[PDB]
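> quick one, structure for this:
(10 chains)
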Amino acid sequence: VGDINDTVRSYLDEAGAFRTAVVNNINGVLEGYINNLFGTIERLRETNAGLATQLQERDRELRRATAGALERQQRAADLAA
Amino acid sequence: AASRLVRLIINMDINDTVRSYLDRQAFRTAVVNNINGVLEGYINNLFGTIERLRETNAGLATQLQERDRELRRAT
Amino acid sequence: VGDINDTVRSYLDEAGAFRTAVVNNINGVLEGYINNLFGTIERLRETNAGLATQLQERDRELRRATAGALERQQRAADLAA
Amino acid sequence: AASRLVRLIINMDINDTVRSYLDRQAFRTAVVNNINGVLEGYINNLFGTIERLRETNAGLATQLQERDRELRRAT
Amino acid sequence: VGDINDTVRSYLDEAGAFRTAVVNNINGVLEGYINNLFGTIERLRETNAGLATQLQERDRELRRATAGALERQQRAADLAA
Amino acid sequence: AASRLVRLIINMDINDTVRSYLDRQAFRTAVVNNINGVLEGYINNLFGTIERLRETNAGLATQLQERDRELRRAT
Amino acid sequence: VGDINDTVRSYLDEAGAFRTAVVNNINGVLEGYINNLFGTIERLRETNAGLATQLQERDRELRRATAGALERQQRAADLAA
Amino acid sequence: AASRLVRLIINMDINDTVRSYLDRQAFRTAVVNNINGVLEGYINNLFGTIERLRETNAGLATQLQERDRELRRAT
Amino acid sequence: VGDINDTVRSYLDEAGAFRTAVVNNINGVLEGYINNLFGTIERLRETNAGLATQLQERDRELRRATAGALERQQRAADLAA
Amino acid sequence: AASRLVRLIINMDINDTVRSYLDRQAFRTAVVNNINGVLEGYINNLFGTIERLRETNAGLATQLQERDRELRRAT
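Numbering: from 1, shown residues only, chains lettered A, B, ... in the order given. And now the structure:
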């Protein structure tokens, strides 16, 4: 959005020790951002753990299905022989 | 260091706090008046956008209701 | 209601650096109104998208009904002839 | 600044925030006393309006109850 | 409560630029009170409108009932003939 | 100035706002001590009313349960 | 808890103009206690009123039961004779 | 007014307010150091209490599960 | 997490009357933490009481069950004779 | 005061509050610039970390869909 840059250049023109206050505000913004991303990374870890458990569950289901199909085919072949 | 703030916001609450922070005395008052004027113009553009959106919404709603009424007639 | 206008003209008569503070406060107020305008635009965009979806669905079932009616009429005419 | 506020409020919370922020010594004290008197008069007018609302609501409720009894007699 | 008036009188006697602050703060109190007065006005207006709608619909059913009674008595009179 | 405040409190939150607003050094400390003492007297009276209400509630509840037991006996 | 008492004693040692601030703060907390006391008084009054009405209902029920029992016994005695 | 505060706290949120307001230069620094030390001591005592409570909770939980297993095998 | 220690060390170097304010803020934060400590000890006490009640109920149930089992064995012995 | 702070931190909003409060003029500006730089470096490190984590999550989800499709086709 160009409104952001327009406001930034308007502030720069108005300014032309405030730089110290700007730095402090930037540090506070960085702190807020780091808190938000801590939350996001924690929730994504939880989601990844859930997806991994789902993955192993469906892998077990696939193994069971393949084993059952192989057993049925083997017993059918034995009956045929 | 204003460029760092722009890159941080474009790399994405924070915007509103920055704006609230942003908000010779004769020159300062003149600059504040200029800022008020440009913000007022931007807000007028926003009003025009909202009016256009409302007009399109009304037109599409009348079209939808007319088509629904015609379909009910067709039954 | 003209009460707000009356109190504003009363405060202006009071006025005649305070005006700079008034301008700054109204600037903050219009910034909050800018936030409100952004929210309103988002809501209107969502409503417009939903309305477009509804109109396209209406055209779809209308076309279905017309096609069915034409098929019935054509088969009836062919049977009659 | 009066015209700008007038147009901003006619183009549509604005009143709430503006009048919230709204709130040589002899002159200012005297005119503030005058403003206080104006506010007292406005509040008295509003209380009179409240009393009128109370009276019309009471009359409307009584007539509705009487008509309820009228219908109950009619059956 | 007379205790409230006694405390107010004591504090005002102790106070007597203080009066200007007194008047400013009571103006703020007046604004806070007029907010709730506006809210109550709106609520009472809504209640009045609802009760008016109710009276109108009920007068309509009253007219229906009177018409039905007139029809019944006319039928009875015709049968008596 | 007291007339305006009593009119405002009797017009019907107002009490809370006025008390919040109410919230040479020796004279001021002495007079605020007197006001605090009046407040303590009021608070003690209201604590007495609380105690009396609690006692009456307990007695009435005991009577109620005794009468319920009496009715169950009377069956 | 004795911890609060010993910390108050330690700050009394600290003090030994703070008395005026202590007076103001106890005034404020006593205003808060007054609000809480008003709430408790209202709750107690409502509970007392409800219990009194329910007690009157109980009295009426017991009177009806005793009247019914007396009527039954008198009717039985009369029928016996 | 220490006696009044003691009476008020015994007669019973108030603690939070009084210790929120609670929190020459060299003497003040030394007494504040003493305050920090006594707060640290109380904190350590409370942490020991918390650890003991957690250990007892774990012991009761394992006793509950062991007794439930004994009941299940006793059937 | 080393950034917290790094910032604390940097601000200690910046300080080197700052120590008094730092200690005062530490005490304030300690009180704010004491609030949560009181909450947690209350919760732990409630959980401990609940677990004790469940333990006594369960061992009562177990002793009743073993008494019933002994009664059944005794009845079997009686019917055997 | 570093030892007290680290001991309080390791024993578990606490860090949030302590670093919110924690947040000649030439030396102060140099120190705050260094702090800003180290914050930016840490932010870059964690941003790389979250990018790798998002890539891993996306790959795991894609493989999840592929495995589900294979399982439903094998039937």
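> what's the closest non-adjacent residue to residue A:48?
The shortest distance from residue A:48 to any non-neighbouring residue, by CB to CB, 6 or more residues apart in numbering or on different chains, is to residue J:57 (5.5 Å). Using the backbone N, CA and C atoms, a C-beta is placed for each residue, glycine as well.
> what angle do helix A:18-80 and the host helix or strand of the one you found make with each other?
Per DSSP states H and E: residue J:57 is located in helix J:25-74. If you take axes from the mean of the first three to the mean of the last three CA atoms, to 10 degrees, helix J:25-74 sits at 20 degrees to helix A:18-80.
> so the residue nearest to residue A:48 touches residue A:50, yeah?
No: with contacts counted by CB atoms under 8 Å, residue J:57 stays clear of residue A:50, the gap being 10.9 Å.
> mind checking which of the two has more residues around it?
Set residue J:57 next to residue A:50 and count neighbours by other CB atoms under 10 Å in any protein chain shown: residue J:57 wins out with 15 against 10.
> please name the residues that touch that one.
A:44, A:47-48, A:51 (CB atoms under 8 Å, 6 or more residues apart in numbering or on different chains).
> which pair in those has the greatest spatial separation?
A:44 and A:51 (10.2 Å; CB to CB).
> ok and the residue in chain A nearest chain F?
Here the residue of chain A nearest chain F is residue A:28; by CB to the nearest CB that distance is 31.6 Å.
> and that residue, how far from chain G?
Going from residue A:28 to chain G by CB to the nearest CB, to the nearest Å gives 31 Å.
> go on, residue A:58?
56 Å.
> what do you get for residue A:42?
Counting by CB to the nearest CB, the separation of residue A:42 from chain G is 36 Å.
> what of residue A:57?
52 Å.
> check residue A:36 too.
Using CB to the nearest CB, residue A:36 is found at 36 Å from chain G.
> ok, now residue A:27?
The gap separating residue A:27 from chain G is 34 Å, by CB to the nearest CB.
> and what of residue A:63?
Distance, residue A:63 to chain G, by CB to the nearest CB: 61 Å.
> cool, and residue A:70?
For residue A:70, the distance to chain G - CB to the nearest CB - is 71 Å.
> repeat for residue A:56
Applying CB to the nearest CB, the value for residue A:56 to chain G is 52 Å.
> and residue A:1, by the same measure?
Computed as CB to the nearest CB, the residue A:1 to chain G distance reads 47 Å.
> check residue A:46 too.
Counting by CB to the nearest CB - residue A:46 and chain G are separated by 39 Å.
> if you take the average position of chain A, which residue is closest to it?
residue A:44 (4.3 Å; CA atoms, centre = their mean).
> and the residue of chain A that's closest to chain C?
For chain A, CB to the nearest CB, closest residue to chain C: residue A:3, 8.6 Å.
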